[PDB]
């Protein structure tokens, strides 16, 4: 539980200048502090450079990276940091690597929590929740204790939704609206599938939203989606497909992707992550929206409270967001969303011992983790 223990910089990033705003590069904004857990993993190995290049926050936004890793993968983190220095990225004003959350999360304005333990060979969902839940329970206290009171936290380590509930549950000082579960890779994969069916390039499909858990209970919402400007429903008139098939296509994208030999969707996920961050740092296009697993309290859809449930949101580009109100539902959608909700509330109970609710009671389906995920 550190205090006074500040994070040490990394070679060259220690030799950095004053602060962009007054001598050279006065065009640059004030530096943004970004923390990344799972910093030595594959998604990170992609994400990091996209951040450093200004692809994420812009070309006039000097960045500071605080890479949180783990004992075992420390050599790896040193390596990534070594690649970071040989990249000569001007925006990357400073980087620091370490294994202590209370040190690394120190002053973080964005906490991109990718990284959690992989599903064991014969591991039951409940324990998958327990193990990673603990990691996130801890990172939550750290964030709470030593991070910017308005840290925008973005969770990608599975089970992301619950992992996020836990994180905010252990980080009371931090606004729960700030915690996001990454369902965006799912959104992108779904646009691609709706473009593929309709015979249009993915840049013509929009208003795609994902509801529920980042698991096989999520719902690639085709009812409110649009292609070219008109509801998907009246472009892909094959209604049976949309209901009986669409979902399973997005739901297995990663699974087929992995068949093209063993690599995870690192590059794509790395991309989803930046698109995710941008949807909060950039004003949502007129009439469109993005998907994010966020806290349910305040939602107008009727979804249960006290959980992290992905839903349509729009932003003015300030880090915050608001739920999208102009949306419709039917028997299909309504029942599918409610079915994911059931799952989530069960994980919640199964994770009562890491959320501060009480004794855990697990009754979960060991078949829901998305194909292709580590």
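Numbering follows the first chain given and starts at 1.
The stretch 175 to 183 shows the higher mean C-alpha B-factor when 265 to 273 is compared against 175 to 183 in the entry. When the mean C-alpha temperature factors of 2 to 10 and 363 to 371 are read from the deposited coordinates, 2 to 10 comes out higher. The top Cα temperature factor in the record, among 197, 93, 214, 141, falls on 197.
The entry assigns its greatest Cα B factor, within the set 306, 330, 318, 343, to 330.
Residue 246 sits in the highest third of its chain by CA B factor, as recorded in the PDB entry. Ranked by C-alpha B-factor against the other modelled residues of its chain, residue 322 falls in the middle third. Among the modelled residues of the chain, residue 221 sits in the lowest third by CA temperature factor in this PDB entry. Per-chain ranking of the deposited C-alpha B factor places residue 61 in the highest third. Among the modelled residues of its chain, residue 27 has a C-alpha B-factor that falls in the highest third, as given in the PDB entry.
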